[PDB]
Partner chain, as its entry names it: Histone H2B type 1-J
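A single chain, nothing else alongside it, follows as structure tokens in the form solved without its partner chain.
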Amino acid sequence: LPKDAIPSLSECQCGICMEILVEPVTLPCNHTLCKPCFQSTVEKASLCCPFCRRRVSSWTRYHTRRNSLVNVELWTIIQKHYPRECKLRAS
């Protein structure tokens, strides 16, 4: 994704639930999913990436402790180009 370029809506949708990516969590494999999905599908379930099966339990501990699970740079980009979609999910 080029700089200041407009991302497709599709590139901004969580691949698990199809909703807009709210507070996206990018795993060390570089697959991304929304925090809600992360919290249900990974943090309290598999500790796998749901796309590729990468073990992620130690990764989770590390960033949990440091409040750095969220990919702040991608979150910023999603809020900028799809603000309305983000507020609708918050609601």
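Residue numbers count along the first chain shown, from 1.
Stretches 39 to 47 and 23 to 31 differ in mean CA B factor, with 39 to 47 having the higher one. Remark: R61 belongs to the middle third of its chain, ranked by C-alpha B-factor as recorded.
Sort the chain's modelled residues by C-alpha temperature factor and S68 lands in the middle third, per the entry.
Beyond the structure shown, there is the form deposited with its partner chain bound, which is absent from this document and is the topic of what follows.
Annotation: in the deposited bound form, residues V42, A45 and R54 each come within 4.5 Å of its partner chain through at least one heavy atom. Taking its partner chain as it sits in the deposited bound form, the stretch 12 to 29 never comes within 4.5 angstroms of it through any non-hydrogen atom.
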